[PDB]
Amino acid sequence: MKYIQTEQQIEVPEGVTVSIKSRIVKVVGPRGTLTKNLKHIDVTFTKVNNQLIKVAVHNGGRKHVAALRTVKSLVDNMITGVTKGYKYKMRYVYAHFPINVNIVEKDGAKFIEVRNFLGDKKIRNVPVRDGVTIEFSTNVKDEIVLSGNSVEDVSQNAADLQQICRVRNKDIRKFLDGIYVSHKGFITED
Amino acid sequence: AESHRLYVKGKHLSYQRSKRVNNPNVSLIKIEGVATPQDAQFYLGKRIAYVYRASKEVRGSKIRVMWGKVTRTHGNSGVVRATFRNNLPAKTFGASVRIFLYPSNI
Amino acid sequence: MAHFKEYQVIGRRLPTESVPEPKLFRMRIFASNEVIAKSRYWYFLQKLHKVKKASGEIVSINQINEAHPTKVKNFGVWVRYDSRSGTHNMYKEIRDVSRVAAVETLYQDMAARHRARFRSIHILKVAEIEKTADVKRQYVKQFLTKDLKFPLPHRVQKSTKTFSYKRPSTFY
Amino acid sequence: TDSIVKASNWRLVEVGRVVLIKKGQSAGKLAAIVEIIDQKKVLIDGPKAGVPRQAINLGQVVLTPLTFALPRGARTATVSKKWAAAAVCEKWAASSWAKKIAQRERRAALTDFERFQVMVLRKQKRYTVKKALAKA
Amino acid sequence: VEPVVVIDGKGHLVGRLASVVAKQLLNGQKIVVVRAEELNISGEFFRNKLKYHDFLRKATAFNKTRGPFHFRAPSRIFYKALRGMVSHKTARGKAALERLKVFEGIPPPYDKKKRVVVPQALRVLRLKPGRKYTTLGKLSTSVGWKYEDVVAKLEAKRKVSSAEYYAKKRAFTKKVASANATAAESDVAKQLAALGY
RNA sequence: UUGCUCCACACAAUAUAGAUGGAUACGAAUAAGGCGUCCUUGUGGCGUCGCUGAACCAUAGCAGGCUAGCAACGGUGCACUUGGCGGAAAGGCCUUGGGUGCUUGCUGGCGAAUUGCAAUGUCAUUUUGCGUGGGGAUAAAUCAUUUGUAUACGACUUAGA
RNA sequence: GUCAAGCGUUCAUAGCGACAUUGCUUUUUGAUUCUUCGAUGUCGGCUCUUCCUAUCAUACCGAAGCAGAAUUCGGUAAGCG
Ligand SMILES: [Mg+2]
Ligand SMILES: [Mg+2]
Ligand SMILES: [Mg+2]
Ligand SMILES: [Mg+2]
Ligand SMILES: [Mg+2]
Ligand SMILES: [Mg+2]
Ligand SMILES: [Mg+2]
Ligand SMILES: [Mg+2]
Ligand SMILES: [Mg+2]
Ligand SMILES: [Mg+2]
Ligand SMILES: [Mg+2]
Ligand SMILES: [Mg+2]
Ligand SMILES: [Mg+2]
Numbered sequence: 001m002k003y004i005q006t007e008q009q010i011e012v013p014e015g016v017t018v019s020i021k022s023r024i025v026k027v028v029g030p031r032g033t034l035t036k037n038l039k040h041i042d043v044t045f046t047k048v049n050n051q052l053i054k055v056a057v058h059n060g061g062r063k064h065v066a067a068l069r070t071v072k073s074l075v076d077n078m079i080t081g082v083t084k085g086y087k088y089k090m091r092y093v094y095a096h097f098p099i100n101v102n103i104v105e106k107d108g109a110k111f112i113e114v115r116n117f118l119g120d121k122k123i124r125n126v127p128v129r130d131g132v133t134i135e136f137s138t139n140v141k142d143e144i145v146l147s148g149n150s151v152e153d154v155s156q157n158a159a160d161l162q163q164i165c166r167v168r169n170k171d172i173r174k175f176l177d178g179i180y181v182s183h184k185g186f187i188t189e190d
Numbered sequence: 002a003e004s005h006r007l008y009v010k011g012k013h014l015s016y017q018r019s020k021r022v023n024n025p026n027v028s029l030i031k032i033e034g035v036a037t038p039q040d041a042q043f044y045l046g047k048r049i050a051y052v053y054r055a056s057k058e059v060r061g062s063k064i065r066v067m068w069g070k071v072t073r074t075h076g077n078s079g080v081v082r083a084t085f086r087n088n089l090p091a092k093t094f095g096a097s098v099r100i101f102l103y104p105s106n107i
Numbered sequence: 001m002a003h004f005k006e007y008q009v010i011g012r013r014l015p016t017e018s019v020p021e022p023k024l025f026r027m028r029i030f031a032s033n034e035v036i037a038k039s040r041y042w043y044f045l046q047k048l049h050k051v052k053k054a055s056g057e058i059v060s061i062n063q064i065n066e067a068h069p070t071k072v073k074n075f076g077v078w079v080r081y082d083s084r085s086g087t088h089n090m091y092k093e094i095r096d097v098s099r100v101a102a103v104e105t106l107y108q109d110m111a112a113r114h115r116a117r118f119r120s121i122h123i124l125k126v127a128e129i130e131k132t133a134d135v136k137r138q139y140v141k142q143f144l145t146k147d148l149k150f151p152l153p154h155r156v157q158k159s160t161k162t163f164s165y166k167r168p169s170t171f172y
Numbered sequence: 003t004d005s006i007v008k009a010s011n012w013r014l015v016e017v018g019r020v021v022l023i024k025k026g027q028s029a030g031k032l033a034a035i036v037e038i039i040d041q042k043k044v045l046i047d048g049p050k051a052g053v054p055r056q057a058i059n060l061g062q063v064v065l066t067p068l069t070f071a072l073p074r075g076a077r078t079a080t081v082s083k084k085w086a087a088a089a090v091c092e093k094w095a096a097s098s099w100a101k102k103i104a105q106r107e108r109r110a111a112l113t114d115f116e117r118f119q120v121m122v123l124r125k126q127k128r129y130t131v132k133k134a135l136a137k138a
Numbered sequence: 003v004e005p006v007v008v009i010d011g012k013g014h015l016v017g018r019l020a021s022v023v024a025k026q027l028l029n030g031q032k033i034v035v036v037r038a039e040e041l042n043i044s045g046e047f048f049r050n051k052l053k054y055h056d057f058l059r060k061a062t063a064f065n066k067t068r069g070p071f072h073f074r075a076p077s078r079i080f081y082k083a084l085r086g087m088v089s090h091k092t093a094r095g096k097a098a099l100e101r102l103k104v105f106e107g108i109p110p111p112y113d114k115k116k117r118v119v120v121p122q123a124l125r126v127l128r129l130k131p132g133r134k135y136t137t138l139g140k141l142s143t144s145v146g147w148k149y150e151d152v153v154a155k156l157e158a159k160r161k162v163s164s165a166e167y168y169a170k171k172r173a174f175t176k177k178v179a180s181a182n183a184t185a186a187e188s189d190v191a192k193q194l195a196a197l198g199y
């Protein structure tokens with residue numbers, strides 16, 4: 001169809017600075033800073049009144065309009081992640097063998113070590129990505145809390161811990177074992 | 002001055018040809034700076050010299066010339082067709098010829 | 001088909017001694033030249049009446065121009081065509097300044113989108129949509145908003161020289 | 003704490019946009035866009051420069067940085083009134099773009115004796131310039 | 003028009019460039035192509051990688067040293083593309099190929115010479131925005147070419163010195179252009195403006 | 001039986017995938033940049049440019065002679081020199097200083113003809129050779145003999161004043 | 001391969017699948033006598049190399065009427081047996 005103009009809104013709240021040269025977006029707030037290279041898209045950003053940035057596609061087909069609301073959602077994720085921050089909570093699910101996860105250092109690389117998953121002698125190792133801060137819940141039994149600015153970094157680190165603890169050669173309908181994400185939320189949320 | 006050019010530089014490109022049969026009696030010339038058949042009508046009838054060197058001296062010269070003239074245009078892009086008194090030797094495909102401004106009109 | 005022309009063709013079905021003055025059928029024909037328009041006349045009346053060219057007569061062919069060729073008109077084109085596996089009716093909307101230059105677009109659009117040739121297509125009706133909000137299609141309702149303006153990003157400038165010296169730009 | 007989003011400027015296909023025909027019987031004449039037919043094709047009108055009111059692709063057309071107030075669908079008499087009242091032809095001729103069009107018309111029109119004069123004058127200007135480079 | 007023409011291969015589409023260069027070589031023009039590691043081919047990287055593996059898998063069965071020679075460097079992929087556009091088995095097409103030099107990066111002499119582009123072959127002019135393309139450097143290091151990191155080290159060195167050149171060249175063209183504007187309003191320079199100069 | 005190489009200029013032969021003013025150097029982006037400028041030195045403000053190199057530089061003089069001055073202290077060529085940078089294939093780029101011409105920036109004086117109405121009308125750059133007068137240098141390999149870490153033969157690997 | 005009446009304790013499609021229907025192979029077997037009668041040495045074996053994938057095993061997976069063990073259906077895959 002090639003719609004003439006599709007357009008989206010981005011609400012920049014009171015503490016946030018958004019800076020967009022060519023298609024590289026820099027979002028600065030109370031929690032740090034974030035950068036995305038959006039040069040694969042071809043949208044056009046325009047600043048209206050310092051609390052609002054439009055993003056537009058001119059003469060765009062169905063897939064090109066489709067990526068426009070993606071670009072809105074990604075910058076809003078950056079804005080949320082530098083104002084409220086991002087926080088994931090994972091619980092350990094085990095039947096018989098308890099799962100031992102402690103935050104570990106190997107050559108200054110800050111891994112996550114998982115011993116005794118299903119009684120495996122194999123120690124599993126997940127590296128902590130930068131920005132993600134691993135926490136172990138007090139007054140919740142067997143909960144790991146991943147916190148940081150990027151929802152891309154926090155959720156992929158929470159994805160990597162689930163993916164390393166998969167169950168092999170068993171019926172996974174019964175062998176329900178692993179570390180699963182229980183909550184996707186913010187840090188400064190109430 | 003440093004320049005004494007009183008001709009226009011050209012290139013001997015090809016014989017007149019189909020896909021699989023060439024005609025050596027007609028040669029196709031790319032005049033430099035001409036990009037249109039309407040531009041190339043200026044050069045029709047102008048004399049072309051292919052100036053080349055040898056080792057045997059014949060008449061007080063080691064430089065020999067092949068003389069011919071533009072006859073018509075070729076294609077859409079300023080290539081012209083030229084005919085020579087003896088046909089160009091086909092090792093000169095890509096060689097430079099000289100398109101003189103005579104017989105002049107404007 | 002460099003540009004289509006609208007013709008009126010009037011045909012008669014030749015007078016007999018029983019019937020002098022037969023009934024004068026008129027069509028509006030989009031065609032390239034008058035040869036095709038008379039051929040398109042007899043092809044269409046042979047779908048409607050017991051008449052053919054060997055028993056009929058062309059009494060007038062006149063070329064109809066557009067009354068206001070420099071006014072932008074929303075048209076509604078009714079078209080019937082044959083696909084590879086059946087016959088379909090179809091309604092499309094073309095915004096254009098001529099009827100014969102909307103029929104250019106329609107024959108271009110049905111070939112591009114439905115692989116329908118000239119021989120497959122019958123133009124049922126071209127009418128100009130007189131009032132806005134009787135415009136049905138959204139691809140032409142785009143261009144009917146108040147104070148419409150759009151950029152043209154990524155300008156590619158043609159060159160006549162095989163070499164450039166600048167690493168060009170696409171601003172516009 | 004100022005948000006800095008880059009401008010991303012663009013000349014718009016709009017009513018009142020002054021254009022320059024680059025292909026056709028005009029080929030270098032100004033015209034104004036009157037109504038937008040679709041995405042590649044507009045209705046233009048060039049009444050001061052003698053361009054017929056016509057439906058044209060934007061591929062024979064360059065947008066120019068000039069825009070004047072013009073109602074949508076305005077006729078050829080109305081366009082010429084708003085053209086002169088907005089004084090497009092002197093707004094266009096002051097631009098660097100029109101000067102380079104006019105200069106290359108002038109350079110192509112020079113006779114051989116005038117080309118000699120350009121050589122003579124340029125060596126005079128070069129003598130003044132190259133002296134001025136060494137002094138400062 | 004120049005005795006040799008030096009093409010920057012960055013941002014060019016490979017077959018649109020190779021058809022331009024092949025016609026120029028057979029017309030008697032000498033061409034050197036630099037930066038062949040930053041050529042472009044249309045289509046996704048995986049798309050174009052399967053194309054090499056299909057080419058990589060054909061070779062003479064009874065003697066693999068007689069078959070197609072699967073040349074891996076980006077300048078040789080571009081040389082392969084330009085072959086097959088030239089009658090390379092005839093003396094005319096051999097002479098055309100002698101008029102061609104192709105390099106990765108910008109080596110000497112050519113690091114201090116002017117680089118042209120071919121806008122018939124330019125990616126940003128010819129491909130639709132939103133399409134996917136591959137860079138020939140990343141394709142070549144996946145099919146077995148060993149010197150991407152060396153050329154990237156040498157080009158980064160090359161761009162450091164070349165920026166120092168242009169930083170001096172900007173300063174000189176300040177001094178020149180401010181003198182020419184001050185030598186304007188002269189009765190010569192009003193008389194040169196009359197003649198269109 | 002004065003052999004070899006380098007430097008320069010003197011002449012022969014050799015040819016030419018094709019001189020005929022100049023290959024005239026940022027990088028990156030292209031839904032963005034370039035240049036100028038300002039400050040708080042930024043993913044900054046302001047101005048301005050593109051819409052092709054149709055540019056820019058060069059470019060006048062018996063293929064460019066001989067000669068007179070004016071202005072300016074500029075431009076350019078050749079040879080010496082000074083210092084720096086360049087290893088991707090550097091083999092070039094930028095400098096200091098003197099000598100040496102030329103200068104059409106400006107104004108003069110003399111020459112040109114008969115190549116006869118046009119004939120590339122010969123002006124380039126390779127290889128070599130011979131000659132001159134200036135510098136430099138003062139070996140190896142192979143056969144034949146030998147070894148057996150090698151070997152059909154060659155080849156290999158060793159040894160011998 | 002499609003469709004799904006039914007089988008599969010209920011439940012068409014975990015695994016199956018009638019009556020129909022649409023294709024693939026040239027390694028099975030059938031049709032031309034196209035080439036060979038101034039002769040292309042006729043089967044099997046041994047030896048030895050390479051190729052295909054329509055995958056038996058091995059690597060990694062998805063599904064189950066997969067609790068485990070063992071199976072079965074399916075994917076990538078001819079690298080290696
Ligand atoms: Mg698994
Ligand atoms: Mg099991
Ligand atoms: Mg040819
Ligand atoms: Mg021909
Ligand atoms: Mg360059
Ligand atoms: Mg290898
Ligand atoms: Mg001079
Ligand atoms: Mg026989
Ligand atoms: Mg398979
Ligand atoms: Mg398997
Ligand atoms: Mg399997
Ligand atoms: Mg294989
Ligand atoms: Mg194998």
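Residue numbers (UniProt numbering), protein chains in the order written: chain U, 1 to 190; chain P, 2 to 107; chain R, 1 to 172; chain Y, 3 to 138; chain C, 3 to 199.
All C-beta atoms, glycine included, are put in the ideal place defined by N, C-alpha and C.
For residue 52 of chain U, there is no enclosing alpha helix (DSSP H); the enclosing beta strand (DSSP E) has its first and last residue at 52 to 60.
Per DSSP, the unbroken beta strand (DSSP E) holding residue 122 of chain R starts and ends at 121 to 128. Between the alpha carbons of residue 140 of chain R and residue 110 of chain Y lies a distance of about 46 Å. Taking every protein chain shown into account, the CB of residue 69 of chain Y has 16 or more other CB atoms within 10 angstroms, so this residue is buried.
For residue 38 of chain Y, the chain R residues whose C-beta falls within less than 7 Å of its own C-beta are 143 and 148, listed in chain order. At least one beta carbon of chain U lies nearer than 8 Å to the beta carbon of residue 153 of chain R. At a cut-off of 8 Å, the C-beta of residue 139 of chain R has a neighbouring C-beta in chain U. Residue 36 of chain Y counts as buried, since at least 16 other C-beta atoms from the protein chains shown sit within 10 angstroms of its C-beta. By the neighbour-count criterion, in which a residue is buried when 16 or more other Cβ atoms sit within 10 angstroms of its Cβ, residue 76 of chain P is exposed. Separation of residue 84 of chain P and residue 37 of chain P (C-alpha to C-alpha, rounded to the nearest whole angstrom) is 20 Å.
Per DSSP, the unbroken alpha helix (DSSP H) holding residue 163 of chain U starts and ends at 151 to 164. Judged by DSSP in its simplified three-state form, residue 94 of chain Y adopts helix. In the DSSP annotation of this structure, the continuous segment of the beta strand (DSSP E) that includes residue 10 of chain C starts and ends at 6 to 10.
Near ligand 1, meaning a Cβ closer than 6 Å to any of its heavy atoms, lie the following residues in chain order: U/166 and U/168. Using beta-carbon distances, residue 94 of chain Y does not count as an interface residue toward chain R, since no partner is under 8 Å. Restricted to the segment 59 to 144 of chain C, the beta strand (DSSP E) segments that are unbroken, complete and at least 3 residues in length are 102 to 104 and 135 to 137, listed in chain order. Collapsing the DSSP output to three states places residue 65 of chain P in a strand.
Residue 15 of chain C has C/42 as its beta-bridge partners, per DSSP. For ligand 4, residues qualifying as neighbours are P/17 and P/18, where qualification means a beta carbon closer than 6 Å to at least one of its heavy atoms (chain order).
Within the same chain, and ignoring the five residues on either side of residue 144 of chain C in sequence, the residues whose Cβ sits closer than 7 Å to its Cβ are 51. Residue contact with chain P for residue 30 of chain C: present (Cβ-Cβ distance below 8 Å to some residue of chain P).
Looking only at U/47, U/83 and U/41, the smallest Cα-Cα distance to residue 63 of chain U is reached by U/41.
For residue 45 of chain R, the three-state secondary structure derived from DSSP is helix. Just so you know, the alpha carbons of residue 38 of chain U and residue 180 of chain U end up roughly 31 Å apart. For residue 60 of chain P, there is no enclosing alpha helix (DSSP H), since its DSSP letter is neither H nor E.
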